[PDB]
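Before any questions on how it binds or moves, here is one chain, the form deposited in one PDB entry, in structure tokens.
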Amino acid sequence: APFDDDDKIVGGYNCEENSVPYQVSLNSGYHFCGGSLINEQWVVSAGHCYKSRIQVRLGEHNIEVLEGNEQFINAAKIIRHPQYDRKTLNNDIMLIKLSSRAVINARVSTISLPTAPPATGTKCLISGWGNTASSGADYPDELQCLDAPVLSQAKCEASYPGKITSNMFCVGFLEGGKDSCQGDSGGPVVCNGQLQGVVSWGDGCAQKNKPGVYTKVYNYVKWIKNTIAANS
């Protein structure tokens, strides 16, 4: 049984997200969702990840291996968008408040709030525990940073007829169930060094046709600021 990485090959993706401080994970006994730390005590994540108790892991180099550089924070309050729809997962964005201020270090930091909407063809990075394996869909112990351009709004609407609104943009392209952005339910999507969106949903684990759906954060900048001010 030869190993997949016979040569000096990392699979074409940034394994473990080295020097990536904006990626954080949500744990409640298991890994279910990811998120992006925007402020000292604010995390943007997928709005369908809400539960009774949430723990935030910052700078987690490996999900199954504790390198000692990660930080565990007990979440205080989770706020979903007032116009969030459960049926179509519209406005699938939520904000988590940290009970303690984040400690700035090499692998833990805050990413600046976006100021410009995403554009077609922009060099963008999707961070998360994507399904990186020779065959099958499973969450590995490593992390995936996929470099994928942002698709056009018309193409995004055509990918999901009747399931794409003005707050949804597509980064995944074409089709395929192998190593890709996949799900992770809230994987950060950062274009040009600024956070641009999260992974909301999609046609399964990129089984065929449309890869997935990404919810923007630029349209919620005013909402994010209001939530921060009200829940400072």
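Think of the rigid core as the biggest set of C-alphas that the two forms share within 1.5 Å after superposition. Residue numbers here begin at 1 and follow the sequence given.
What comes next is about the form deposited in another entry, which is not displayed.
- Once the rigid core is overlaid between this form and the one not shown, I79 does not reach a Cα shift of 2 Å, moving by less than that.
- With the core superposed, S135 shows a C-alpha displacement of at least 2 Å between this form and the one not shown.
- Fitting the two forms on the rigid core leaves the C-alpha of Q207 displaced by at least 2 angstroms between this form and the one not shown.
- Panel note: the distance between the CA atoms of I9 and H31 is smaller in the other entry than in this form, the difference being 3 Å or more.
- A change of 3 Å or more separates the two forms for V189 and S180: their C-alpha atoms lie farther apart in the other entry.
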